[PDB]
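Asker: Hey, dropping final_24.pdb in here, PDB, C-alpha atoms:
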ATOM      1  CA  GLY A   1      -8.255 -17.490 -10.533  1.00  0.00           C
ATOM      2  CA  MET A   2      -9.828 -14.543 -12.319  1.00  0.00           C
ATOM      3  CA  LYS A   3      -7.936 -12.518 -14.876  1.00  0.00           C
ATOM      4  CA  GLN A   4      -9.724  -9.655 -13.105  1.00  0.00           C
ATOM      5  CA  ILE A   5      -8.115 -10.705  -9.811  1.00  0.00           C
ATOM      6  CA  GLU A   6      -4.683 -10.742 -11.453  1.00  0.00           C
ATOM      7  CA  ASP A   7      -5.415  -7.354 -13.044  1.00  0.00           C
ATOM      8  CA  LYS A   8      -6.299  -5.900  -9.635  1.00  0.00           C
ATOM      9  CA  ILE A   9      -3.054  -7.293  -8.214  1.00  0.00           C
ATOM     10  CA  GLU A  10      -1.151  -5.492 -10.985  1.00  0.00           C
ATOM     11  CA  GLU A  11      -2.832  -2.193 -10.084  1.00  0.00           C
ATOM     12  CA  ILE A  12      -2.131  -2.760  -6.382  1.00  0.00           C
ATOM     13  CA  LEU A  13       1.574  -3.441  -6.949  1.00  0.00           C
ATOM     14  CA  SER A  14       1.817  -0.272  -9.044  1.00  0.00           C
ATOM     15  CA  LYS A  15       0.069   1.754  -6.325  1.00  0.00           C
ATOM     16  CA  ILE A  16       2.425   0.349  -3.679  1.00  0.00           C
ATOM     17  CA  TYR A  17       5.588   1.164  -5.639  1.00  0.00           C
ATOM     18  CA  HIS A  18       4.279   4.691  -6.239  1.00  0.00           C
ATOM     19  CA  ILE A  19       3.622   5.034  -2.499  1.00  0.00           C
ATOM     20  CA  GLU A  20       7.110   3.769  -1.637  1.00  0.00           C
ATOM     21  CA  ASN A  21       8.558   6.413  -3.970  1.00  0.00           C
ATOM     22  CA  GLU A  22       6.498   9.095  -2.214  1.00  0.00           C
ATOM     23  CA  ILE A  23       7.694   7.904   1.198  1.00  0.00           C
ATOM     24  CA  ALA A  24      11.297   7.982  -0.029  1.00  0.00           C
ATOM     25  CA  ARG A  25      10.852  11.602  -1.129  1.00  0.00           C
ATOM     26  CA  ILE A  26       9.360  12.523   2.258  1.00  0.00           C
ATOM     27  CA  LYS A  27      12.140  10.848   4.252  1.00  0.00           C
ATOM     28  CA  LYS A  28      14.722  12.592   2.064  1.00  0.00           C
ATOM     29  CA  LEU A  29      13.218  16.024   2.780  1.00  0.00           C
ATOM     30  CA  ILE A  30      12.752  15.630   6.554  1.00  0.00           C
ATOM     31  CA  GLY A  31      15.777  13.381   7.174  1.00  0.00           C
ATOM     32  CA  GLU A  32      13.924  10.221   8.198  1.00  0.00           C
TER      33      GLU A  32
ATOM     34  CA  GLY B   1     -11.101 -17.441  -7.589  1.00  0.00           C
ATOM     35  CA  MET B   2     -11.887 -17.420  -3.884  1.00  0.00           C
ATOM     36  CA  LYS B   3     -14.431 -15.067  -2.397  1.00  0.00           C
ATOM     37  CA  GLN B   4     -11.791 -14.845   0.345  1.00  0.00           C
ATOM     38  CA  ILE B   5      -9.240 -13.653  -2.226  1.00  0.00           C
ATOM     39  CA  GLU B   6     -11.660 -10.984  -3.449  1.00  0.00           C
ATOM     40  CA  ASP B   7     -12.390 -10.000   0.162  1.00  0.00           C
ATOM     41  CA  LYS B   8      -8.666  -9.566   0.838  1.00  0.00           C
ATOM     42  CA  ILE B   9      -8.365  -7.404  -2.279  1.00  0.00           C
ATOM     43  CA  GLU B  10     -11.155  -5.185  -0.924  1.00  0.00           C
ATOM     44  CA  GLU B  11      -9.293  -4.748   2.372  1.00  0.00           C
ATOM     45  CA  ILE B  12      -6.042  -4.014   0.525  1.00  0.00           C
ATOM     46  CA  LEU B  13      -7.621  -1.327  -1.666  1.00  0.00           C
ATOM     47  CA  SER B  14      -9.111   0.299   1.436  1.00  0.00           C
ATOM     48  CA  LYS B  15      -5.729   0.226   3.197  1.00  0.00           C
ATOM     49  CA  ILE B  16      -4.042   1.782   0.154  1.00  0.00           C
ATOM     50  CA  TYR B  17      -6.547   4.636  -0.143  1.00  0.00           C
ATOM     51  CA  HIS B  18      -6.166   5.327   3.584  1.00  0.00           C
ATOM     52  CA  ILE B  19      -2.381   5.404   3.136  1.00  0.00           C
ATOM     53  CA  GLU B  20      -2.649   7.771   0.164  1.00  0.00           C
ATOM     54  CA  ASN B  21      -4.759  10.105   2.316  1.00  0.00           C
ATOM     55  CA  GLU B  22      -2.099  10.001   5.043  1.00  0.00           C
ATOM     56  CA  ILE B  23       0.642  10.786   2.520  1.00  0.00           C
ATOM     57  CA  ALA B  24      -1.405  13.709   1.194  1.00  0.00           C
ATOM     58  CA  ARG B  25      -1.698  15.115   4.723  1.00  0.00           C
ATOM     59  CA  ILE B  26       2.061  14.754   5.255  1.00  0.00           C
ATOM     60  CA  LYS B  27       2.973  16.444   1.967  1.00  0.00           C
ATOM     61  CA  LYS B  28       0.561  19.274   2.784  1.00  0.00           C
ATOM     62  CA  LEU B  29       2.226  19.908   6.158  1.00  0.00           C
ATOM     63  CA  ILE B  30       5.865  19.761   4.996  1.00  0.00           C
ATOM     64  CA  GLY B  31       5.306  21.191   1.498  1.00  0.00           C
ATOM     65  CA  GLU B  32       6.178  18.086  -0.520  1.00  0.00           C
TER      66      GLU B  32
ATOM     67  CA  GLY C   1      -7.583 -19.453  -7.004  1.00  0.00           C
ATOM     68  CA  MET C   2      -3.856 -19.659  -7.648  1.00  0.00           C
ATOM     69  CA  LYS C   3      -1.391 -20.376  -4.886  1.00  0.00           C
ATOM     70  CA  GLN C   4       0.606 -17.711  -6.742  1.00  0.00           C
ATOM     71  CA  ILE C   5      -2.262 -15.245  -6.260  1.00  0.00           C
ATOM     72  CA  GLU C   6      -2.352 -16.017  -2.536  1.00  0.00           C
ATOM     73  CA  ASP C   7       1.443 -15.678  -2.380  1.00  0.00           C
ATOM     74  CA  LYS C   8       1.242 -12.237  -4.003  1.00  0.00           C
ATOM     75  CA  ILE C   9      -1.417 -11.215  -1.479  1.00  0.00           C
ATOM     76  CA  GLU C  10       0.960 -12.227   1.327  1.00  0.00           C
ATOM     77  CA  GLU C  11       3.716 -10.035  -0.131  1.00  0.00           C
ATOM     78  CA  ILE C  12       1.282  -7.136  -0.570  1.00  0.00           C
ATOM     79  CA  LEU C  13       0.065  -7.307   3.036  1.00  0.00           C
ATOM     80  CA  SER C  14       3.678  -7.329   4.234  1.00  0.00           C
ATOM     81  CA  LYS C  15       4.504  -4.313   2.050  1.00  0.00           C
ATOM     82  CA  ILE C  16       1.466  -2.438   3.383  1.00  0.00           C
ATOM     83  CA  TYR C  17       2.311  -3.072   7.042  1.00  0.00           C
ATOM     84  CA  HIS C  18       5.889  -1.940   6.387  1.00  0.00           C
ATOM     85  CA  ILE C  19       4.539   1.229   4.754  1.00  0.00           C
ATOM     86  CA  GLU C  20       2.196   1.898   7.681  1.00  0.00           C
ATOM     87  CA  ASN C  21       5.183   1.615  10.032  1.00  0.00           C
ATOM     88  CA  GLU C  22       7.103   4.123   7.900  1.00  0.00           C
ATOM     89  CA  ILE C  23       4.161   6.539   7.938  1.00  0.00           C
ATOM     90  CA  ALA C  24       3.926   6.203  11.723  1.00  0.00           C
ATOM     91  CA  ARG C  25       7.609   7.123  12.042  1.00  0.00           C
ATOM     92  CA  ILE C  26       7.121  10.156   9.782  1.00  0.00           C
ATOM     93  CA  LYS C  27       4.064  11.421  11.668  1.00  0.00           C
ATOM     94  CA  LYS C  28       5.944  10.986  14.950  1.00  0.00           C
ATOM     95  CA  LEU C  29       8.857  13.126  13.729  1.00  0.00           C
ATOM     96  CA  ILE C  30       6.824  15.967  12.179  1.00  0.00           C
ATOM     97  CA  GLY C  31       3.885  15.833  14.617  1.00  0.00           C
ATOM     98  CA  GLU C  32       1.194  14.684  12.185  1.00  0.00           C
TER      99      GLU C  32
END
Would you encode the structure as structure tokens?

Answerer:
Amino acid sequence: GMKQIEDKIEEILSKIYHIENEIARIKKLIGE
Amino acid sequence: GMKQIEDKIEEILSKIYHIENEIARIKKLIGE
Amino acid sequence: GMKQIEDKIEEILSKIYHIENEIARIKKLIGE
């Protein structure tokens, strides 16, 4: 496929990991 | 690549931005 | 496009649904 498609997938995976880190910080503060 | 692949990427980016908005609202209510 | 691209999209959609479940559990505990 497109190199642009693969580039977008890279950005998406980075965004998701950043979101999962944010959710981990929230669950740690509130307990779950 | 597929127009269907690019369509799915559009839906994913919309879902991610919606999630980031939800996380912003949570962090604003609890402080972080 | 690539079968690998479509496989990555499958993993991304699973990650997003899992994240949306986690956000639902957080909003239920704190109220919003």

Asker: Please evaluate the ChimeraX specification (/A :<9) & /C against the displayed coordinates and give the resulting residues as a list in words.

Answerer: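 This file gives the following for the ChimeraX specification (/A :<9) & /C: residues 1, 2, 5, 8, 9, 12, 15, 16, 19, 22, 23, 25, 26, 29 and 30 of chain C.
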
Asker: Please, can I see chain C fitted onto chain A by all in-order Cα atoms (least squares), as an mmCIF file with C-alpha atoms, keeping the file's coordinate frame?

Answerer:
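Dumped everything to selection.cif:
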data_model
loop_
_atom_site.group_PDB
_atom_site.id
_atom_site.type_symbol
_atom_site.label_atom_id
_atom_site.label_comp_id
_atom_site.auth_asym_id
_atom_site.auth_seq_id
_atom_site.Cartn_x
_atom_site.Cartn_y
_atom_site.Cartn_z
ATOM 1 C CA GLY C 1 -8.255 -17.490 -10.533
ATOM 2 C CA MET C 2 -9.828 -14.543 -12.319
ATOM 3 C CA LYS C 3 -7.936 -12.518 -14.876
ATOM 4 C CA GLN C 4 -9.724 -9.654 -13.105
ATOM 5 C CA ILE C 5 -8.115 -10.705 -9.811
ATOM 6 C CA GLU C 6 -4.684 -10.742 -11.453
ATOM 7 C CA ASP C 7 -5.415 -7.354 -13.044
ATOM 8 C CA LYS C 8 -6.298 -5.900 -9.635
ATOM 9 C CA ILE C 9 -3.054 -7.293 -8.213
ATOM 10 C CA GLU C 10 -1.151 -5.493 -10.986
ATOM 11 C CA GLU C 11 -2.832 -2.193 -10.084
ATOM 12 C CA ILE C 12 -2.130 -2.760 -6.382
ATOM 13 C CA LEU C 13 1.575 -3.441 -6.949
ATOM 14 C CA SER C 14 1.817 -0.272 -9.044
ATOM 15 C CA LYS C 15 0.069 1.753 -6.325
ATOM 16 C CA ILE C 16 2.425 0.350 -3.679
ATOM 17 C CA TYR C 17 5.587 1.164 -5.639
ATOM 18 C CA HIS C 18 4.279 4.691 -6.239
ATOM 19 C CA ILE C 19 3.622 5.034 -2.499
ATOM 20 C CA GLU C 20 7.109 3.769 -1.636
ATOM 21 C CA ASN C 21 8.558 6.413 -3.970
ATOM 22 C CA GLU C 22 6.498 9.096 -2.214
ATOM 23 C CA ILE C 23 7.694 7.903 1.198
ATOM 24 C CA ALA C 24 11.297 7.982 -0.029
ATOM 25 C CA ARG C 25 10.852 11.602 -1.129
ATOM 26 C CA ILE C 26 9.361 12.523 2.258
ATOM 27 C CA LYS C 27 12.139 10.848 4.252
ATOM 28 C CA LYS C 28 14.722 12.592 2.064
ATOM 29 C CA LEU C 29 13.218 16.024 2.780
ATOM 30 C CA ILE C 30 12.752 15.630 6.553
ATOM 31 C CA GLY C 31 15.778 13.381 7.174
ATOM 32 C CA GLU C 32 13.924 10.220 8.198
#

Asker: Please report the interatomic distance between CA of residue 4 in chain C and CA of residue 7 in chain A in Å with one decimal.

Answerer: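 Computing it gives 13.5 Å between the two atoms.
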
Asker: Quick one: what's the axis-aligned box for range 5-15 of chain B, all listed atoms, 6 Å on every side, centre and edges in Å to one decimal, as AutoDock Vina command-line options?

Answerer:
--center_x -9.1 --center_y -6.7 --center_z -0.1 --size_x 18.7 --size_y 26.0 --size_z 18.6

Asker: Could you rebuild range 5-29 of chain B with N, CA and C atoms and give me the result as a PDB file, in the frame of the given file?

Answerer:
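Wrote part_33.pdb, looks like this:
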ATOM      1  N   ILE B   5     -10.239 -14.433  -1.500  1.00  0.00           N
ATOM      2  CA  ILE B   5      -9.240 -13.653  -2.226  1.00  0.00           C
ATOM      3  C   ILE B   5      -9.800 -12.281  -2.579  1.00  0.00           C
ATOM      4  N   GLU B   6     -11.029 -12.251  -3.101  1.00  0.00           N
ATOM      5  CA  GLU B   6     -11.660 -10.984  -3.449  1.00  0.00           C
ATOM      6  C   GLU B   6     -11.919 -10.127  -2.216  1.00  0.00           C
ATOM      7  N   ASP B   7     -12.234 -10.754  -1.078  1.00  0.00           N
ATOM      8  CA  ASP B   7     -12.390 -10.000   0.162  1.00  0.00           C
ATOM      9  C   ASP B   7     -11.072  -9.371   0.595  1.00  0.00           C
ATOM     10  N   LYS B   8      -9.971 -10.120   0.492  1.00  0.00           N
ATOM     11  CA  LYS B   8      -8.666  -9.566   0.838  1.00  0.00           C
ATOM     12  C   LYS B   8      -8.301  -8.403  -0.074  1.00  0.00           C
ATOM     13  N   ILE B   9      -8.645  -8.502  -1.361  1.00  0.00           N
ATOM     14  CA  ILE B   9      -8.365  -7.404  -2.279  1.00  0.00           C
ATOM     15  C   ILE B   9      -9.139  -6.156  -1.869  1.00  0.00           C
ATOM     16  N   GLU B  10     -10.377  -6.327  -1.399  1.00  0.00           N
ATOM     17  CA  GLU B  10     -11.155  -5.185  -0.924  1.00  0.00           C
ATOM     18  C   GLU B  10     -10.473  -4.514   0.263  1.00  0.00           C
ATOM     19  N   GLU B  11      -9.990  -5.312   1.220  1.00  0.00           N
ATOM     20  CA  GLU B  11      -9.293  -4.748   2.372  1.00  0.00           C
ATOM     21  C   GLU B  11      -8.012  -4.041   1.951  1.00  0.00           C
ATOM     22  N   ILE B  12      -7.293  -4.611   0.980  1.00  0.00           N
ATOM     23  CA  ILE B  12      -6.042  -4.014   0.525  1.00  0.00           C
ATOM     24  C   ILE B  12      -6.297  -2.665  -0.136  1.00  0.00           C
ATOM     25  N   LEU B  13      -7.317  -2.588  -0.994  1.00  0.00           N
ATOM     26  CA  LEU B  13      -7.621  -1.327  -1.666  1.00  0.00           C
ATOM     27  C   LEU B  13      -8.043  -0.258  -0.668  1.00  0.00           C
ATOM     28  N   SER B  14      -8.762  -0.653   0.386  1.00  0.00           N
ATOM     29  CA  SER B  14      -9.111   0.299   1.436  1.00  0.00           C
ATOM     30  C   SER B  14      -7.871   0.778   2.180  1.00  0.00           C
ATOM     31  N   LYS B  15      -6.970  -0.147   2.526  1.00  0.00           N
ATOM     32  CA  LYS B  15      -5.729   0.226   3.197  1.00  0.00           C
ATOM     33  C   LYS B  15      -4.901   1.181   2.346  1.00  0.00           C
ATOM     34  N   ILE B  16      -4.851   0.943   1.035  1.00  0.00           N
ATOM     35  CA  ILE B  16      -4.042   1.782   0.154  1.00  0.00           C
ATOM     36  C   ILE B  16      -4.617   3.191   0.073  1.00  0.00           C
ATOM     37  N   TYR B  17      -5.938   3.311  -0.077  1.00  0.00           N
ATOM     38  CA  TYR B  17      -6.547   4.636  -0.143  1.00  0.00           C
ATOM     39  C   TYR B  17      -6.348   5.397   1.162  1.00  0.00           C
ATOM     40  N   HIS B  18      -6.437   4.697   2.296  1.00  0.00           N
ATOM     41  CA  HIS B  18      -6.166   5.327   3.584  1.00  0.00           C
ATOM     42  C   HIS B  18      -4.724   5.808   3.669  1.00  0.00           C
ATOM     43  N   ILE B  19      -3.788   5.015   3.142  1.00  0.00           N
ATOM     44  CA  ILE B  19      -2.381   5.404   3.136  1.00  0.00           C
ATOM     45  C   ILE B  19      -2.163   6.619   2.243  1.00  0.00           C
ATOM     46  N   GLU B  20      -2.792   6.631   1.064  1.00  0.00           N
ATOM     47  CA  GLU B  20      -2.649   7.771   0.164  1.00  0.00           C
ATOM     48  C   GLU B  20      -3.194   9.049   0.790  1.00  0.00           C
ATOM     49  N   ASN B  21      -4.270   8.945   1.575  1.00  0.00           N
ATOM     50  CA  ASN B  21      -4.759  10.105   2.316  1.00  0.00           C
ATOM     51  C   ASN B  21      -3.734  10.576   3.340  1.00  0.00           C
ATOM     52  N   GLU B  22      -3.103   9.635   4.049  1.00  0.00           N
ATOM     53  CA  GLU B  22      -2.099  10.001   5.043  1.00  0.00           C
ATOM     54  C   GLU B  22      -0.896  10.672   4.393  1.00  0.00           C
ATOM     55  N   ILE B  23      -0.481  10.178   3.226  1.00  0.00           N
ATOM     56  CA  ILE B  23       0.642  10.786   2.520  1.00  0.00           C
ATOM     57  C   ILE B  23       0.278  12.187   2.047  1.00  0.00           C
ATOM     58  N   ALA B  24      -0.966  12.379   1.601  1.00  0.00           N
ATOM     59  CA  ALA B  24      -1.405  13.709   1.194  1.00  0.00           C
ATOM     60  C   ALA B  24      -1.355  14.689   2.359  1.00  0.00           C
ATOM     61  N   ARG B  25      -1.752  14.242   3.555  1.00  0.00           N
ATOM     62  CA  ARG B  25      -1.698  15.115   4.723  1.00  0.00           C
ATOM     63  C   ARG B  25      -0.263  15.445   5.113  1.00  0.00           C
ATOM     64  N   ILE B  26       0.661  14.501   4.930  1.00  0.00           N
ATOM     65  CA  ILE B  26       2.061  14.754   5.255  1.00  0.00           C
ATOM     66  C   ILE B  26       2.664  15.750   4.273  1.00  0.00           C
ATOM     67  N   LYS B  27       2.433  15.537   2.975  1.00  0.00           N
ATOM     68  CA  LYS B  27       2.973  16.444   1.967  1.00  0.00           C
ATOM     69  C   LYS B  27       2.396  17.846   2.107  1.00  0.00           C
ATOM     70  N   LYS B  28       1.148  17.957   2.568  1.00  0.00           N
ATOM     71  CA  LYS B  28       0.561  19.274   2.784  1.00  0.00           C
ATOM     72  C   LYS B  28       1.215  19.999   3.955  1.00  0.00           C
ATOM     73  N   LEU B  29       1.650  19.264   4.982  1.00  0.00           N
ATOM     74  CA  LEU B  29       2.226  19.908   6.158  1.00  0.00           C
ATOM     75  C   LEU B  29       3.673  20.323   5.911  1.00  0.00           C
TER      76      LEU B  29
END
